[PDB]
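Below is one structure, written out as structure tokens; comments come after it.
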Amino acid sequence: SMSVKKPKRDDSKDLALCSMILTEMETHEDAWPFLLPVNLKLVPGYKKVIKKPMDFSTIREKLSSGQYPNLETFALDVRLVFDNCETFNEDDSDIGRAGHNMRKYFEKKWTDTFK
């Protein structure tokens, strides 16, 4: 509360570390469904159904341009990529499987880097 704070966590490396995680997600062999925005002209139903599209290239641009106020807002956009994927793709599809795999991969890196 006012004049009452928990001890200050060092957040000075968060930006660099989120960048490294994102690089690792970019270079995973199962990243291909997520590298670029879904083409809303060419994929029927996506525009209407997925209210907040997100992809790794868009996260990269937001990250590089100071549009994440903190590491939690960065995690929210990564998870949004996978939540979108589950909303639109059957579990038993290459893309559905890719999203589960990448979510797992992300969550482990996130815990190991920050928790």
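Each chain of the structure tokens is named A, B, ... in the order shown, its residues numbered from 1; ligands are numbered from 1 in display order.
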
Report as a tab-separated table the residues of stretch 23-114 of chain A within 12 Å of stretch 10-13 of chain A, each with its shortest atom pair and distance in Å (one decimal), using only C-alpha atoms, ordered by chain and increasing residue number.
```
residue	atom	partner	partner_atom	distance
A:69	CA	A:11	CA	11.3
A:70	CA	A:11	CA	8.7
A:71	CA	A:11	CA	8.7
A:72	CA	A:11	CA	11.7
A:113	CA	A:13	CA	10.8
A:114	CA	A:11	CA	10.1
```

Item checked: Non-local contacts of residue A:78 (8 Å; only C-alpha atoms; under 5 positions in same chain excluded) as JSON, numbers by chain -> {"A": [54, 55, 56, 59]}

note - atom CA of residue A:38 and atom CA of residue A:85 are separated by 10.5 Å

Test item: residues at most 8 Å from stretch 40-53 of chain A, only C-alpha atoms, excluding those fewer than 2 positions along its chain, as a VMD selection string: chain A and resid 37 to 38 55 80 to 81 84 87 to 88

Residues from the last selection, C-alpha atoms, saved as an mmCIF file, in the first residue's frame:
```
data_model
loop_
_atom_site.group_PDB
_atom_site.id
_atom_site.type_symbol
_atom_site.label_atom_id
_atom_site.label_comp_id
_atom_site.auth_asym_id
_atom_site.auth_seq_id
_atom_site.Cartn_x
_atom_site.Cartn_y
_atom_site.Cartn_z
ATOM 1 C CA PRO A 37 -0.401 -13.515 -38.802
ATOM 2 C CA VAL A 38 -3.194 -15.755 -40.104
ATOM 3 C CA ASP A 55 1.407 -14.580 -33.786
ATOM 4 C CA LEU A 80 -3.138 -16.104 -26.692
ATOM 5 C CA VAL A 81 -1.372 -17.620 -29.748
ATOM 6 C CA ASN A 84 -6.432 -19.109 -30.519
ATOM 7 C CA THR A 87 -10.212 -22.471 -30.571
ATOM 8 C CA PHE A 88 -9.791 -22.974 -34.357
#
```

Based on DSSP run over this structure's backbone, return all residues of chain A in helix (DSSP H, G or I), as a ChimeraX atom specification.
/A:14-27,32-34,46-49,56-64,71-88,94-114

**OP:** Give me the residues within 10 Å of residue A:58 as a PyMOL selection string, counting only C-alpha atoms and dropping any in the same chain fewer than 5 places off.
**Re:** chain A and resi 34-37+53+63-64+77
